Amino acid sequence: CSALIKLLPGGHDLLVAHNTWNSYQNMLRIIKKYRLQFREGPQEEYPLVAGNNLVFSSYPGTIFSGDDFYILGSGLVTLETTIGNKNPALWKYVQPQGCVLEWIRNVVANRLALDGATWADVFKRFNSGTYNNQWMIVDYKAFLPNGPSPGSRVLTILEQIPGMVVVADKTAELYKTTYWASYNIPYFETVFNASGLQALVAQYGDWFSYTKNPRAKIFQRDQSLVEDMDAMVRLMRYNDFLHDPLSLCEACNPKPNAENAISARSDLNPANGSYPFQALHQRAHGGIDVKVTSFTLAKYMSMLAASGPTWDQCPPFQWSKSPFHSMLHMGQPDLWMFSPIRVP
């Protein structure tokens, strides 16, 4: 998954976008709006929870996002990209007692949080060490259009691996660089090191580096061109792997690789290619959507959303004309050529 939080020039707006990467067989999609009346505690005297209203991208039968991308009535937007864990010495912290699965912790944090700090406080309890993600919590209540940095509260970043959760307010950093990008690699050095990524950088190079991997470099090169919602959608759908030098994998044959993009199209890599590790293979997997919101859209529990693999500069994915025509995809369109829609 790729995500970008972008402060527009002059602080005019603050856009938040997320592009889920997943297997293509998962592309039955439901955008869900819940309006609940739950209370904070088990007695009628407790206040209503902060997160009773929420809109989120989801799937049939799945009572949370999974992507994840949520716009909460508390004024928060919460989203993540997955970091995983490569250090087998940490699996001992995954236990059935004393651990709540991540999907539950996510739902409970979204319901109770008033702000980024409280979201983190709730979420990190009983850390399961499963679905290990970098979470971004954007608090629009702390965002003033055209205003200077408030120094705190706007952006909180949380990273989870088994046995360790690190949290920091990154508002100053967002205002200094004008963006926060996320692309499946932990930002916190302690988490990067504990989860075994140094060995992978040593073995395979910059693809596993936080600052030098292809998506990091593409965001560094191009994020400033995001000047509005449409520009955000274009970047979040970006894949021009045949022509973009940042998409070259020097260890691969052929060198351009369709995984090395903001919105991956692994189906386009050749089946007989030579690749140094599995993520670079031909796979029925890649970017499968984009959701974008803004200060005003979020206020109205609204987003722009586009479903399916990117076709801006790549040929549209089509099941019957792909290597994957035999996989089950009940209910899905054959050809995926959809444009963004406003939701609701």
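The first residue of the shown sequence is 1; numbering continues from there.
On average the C-alpha atoms of 140 to 148 have higher B-factors than those of the other stretch, with 167 to 175 and 140 to 148 being the two compared.
The deposited model assigns a higher average Cα B-factor to 315 to 323 than to the other stretch when 55 to 63 and 315 to 323 are compared. Annotation for 115, 102, 222, 230: 230 ranks highest, by Cα B-factor.
Annotation for 69, 38, 34, 277: 277 ranks highest, by Cα B-factor.
Sort the chain's modelled residues by C-alpha temperature factor and residue 226 lands in the middle third, per the entry. Residue 77 sits in the lowest third of its chain by CA B factor, as recorded in the PDB entry.
Among all modelled residues in this chain, the alpha-carbon of residue 270 has a temperature factor (C-alpha) in the highest third.
Per-chain ranking of the deposited C-alpha B factor places residue 159 in the lowest third. In the PDB entry, a CA B factor belonging to the highest third of its chain's modelled residues is recorded for residue 296.
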